[PDB]
Amino acid sequence: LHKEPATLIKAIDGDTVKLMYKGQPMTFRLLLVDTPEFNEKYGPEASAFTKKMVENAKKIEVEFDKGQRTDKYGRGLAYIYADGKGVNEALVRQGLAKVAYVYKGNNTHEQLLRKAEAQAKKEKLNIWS
């Protein structure tokens, strides 16, 4: 897998963000994580977490996995990094997302994410409290 540069346009919720990617705006859905929807418990906190992480980044990068690269709604399915730090793992490690089902072969960081989630859970942090 490789990282490509992107520019934040706007953070949308805990697991979706609008980026300028190759000179065009695109909605990205973060791979392998499910944050609560904004009107669910921890939904606002997950939204606020992702927003601060991407807005405060000097550099955003997107990294597609080896599977299907867009969902049926036109969203890019990727790992997103802010100054070299994965947003996906950060949310799971913070207990603000659960690890999602693998979608269409995009599984590269699945074990790493499960490990972060198991630690959040052991710490009864946020969603796990």
# chains A, B, ... in the order shown; residues from 1 in each chain; ligands from 1
>>> residues_around(residues="residue A:116", least_positions_apart="6", cutoff="12 Å", atoms="only C-alpha atoms", output="JSON, numbers by chain")
{"A": [33, 86, 88, 89, 90, 91, 92, 93, 94, 95, 96, 97, 98, 99, 109, 110, 122, 123, 125]}
>>> select_by_dssp(residues="chain A", states="helix (DSSP H, G or I)", output="ChimeraX atom specification")
/A:43-55,87-93,110-122,126-128
>>> atom_distance(atom1="atom CA of residue A:60", atom2="atom CA of residue A:41")
27.6 Å
>>> closest_residue(among="A:32, A:72, A:65, A:85", to="residue A:111", atoms="only C-alpha atoms")
A:32
>>> residues_around(residues="residue A:20", least_positions_apart="5", cutoff="7 Å", atoms="only C-alpha atoms", output="list in words")
residues 6, 7, 8, 9, 25 and 26 of chain A
>>> closest_residue(among="A:2, A:58, A:75, A:69", to="residue A:29", atoms="only C-alpha atoms")
A:75
>>> atom_distance(atom1="atom CA of residue A:106", atom2="atom CA of residue A:74")
16.1 Å
>>> residues_around(residues="residue A:48", least_positions_apart="3", cutoff="8 Å", atoms="only C-alpha atoms", output="ChimeraX atom specification")
/A:13-14,44-45,51-52
>>> write_last_selection(atoms="N, CA and C atoms", output="compact mmCIF listing (two decimals), in the first residue's frame")
# COMPACT_ATOMS: atom_id res chain seq x y z
N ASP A 13 -18.31 13.41 9.85
CA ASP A 13 -18.56 12.81 11.19
C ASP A 13 -17.40 11.96 11.67
N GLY A 14 -17.64 11.02 12.59
CA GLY A 14 -16.52 10.28 13.13
C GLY A 14 -15.77 9.48 12.08
N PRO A 44 -21.21 12.39 18.87
CA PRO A 44 -20.59 13.73 18.85
C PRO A 44 -19.10 13.70 19.23
N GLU A 45 -18.76 12.86 20.20
CA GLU A 45 -17.39 12.79 20.66
C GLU A 45 -16.53 12.21 19.51
N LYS A 51 -12.66 15.31 13.67
CA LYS A 51 -12.56 16.69 13.16
C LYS A 51 -11.26 17.38 13.67
N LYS A 52 -10.99 17.25 14.96
CA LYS A 52 -9.83 17.94 15.51
C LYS A 52 -8.56 17.32 14.92
>>> atom_distance(atom1="atom CA of residue A:68", atom2="atom CA of residue A:3")
16.4 Å
>>> select_by_dssp(residues="chain A", states="strand (DSSP E or B)", output="ChimeraX atom specification")
/A:4-11,16-21,24-30,33-34,60-64,70,76-82,85-86,98-99
>>> closest_residue(among="A:18, A:121, A:59, A:10", to="residue A:82", atoms="only C-alpha atoms")
A:59
>>> closest_residue(among="A:67, A:34, A:83, A:103", to="residue A:117", atoms="only C-alpha atoms")
A:34
>>> closest_residue(among="A:12, A:73, A:78, A:127", to="residue A:108", atoms="only C-alpha atoms")
A:78
>>> closest_residue(among="A:105, A:31, A:11, A:70", to="residue A:46", atoms="only C-alpha atoms")
A:11
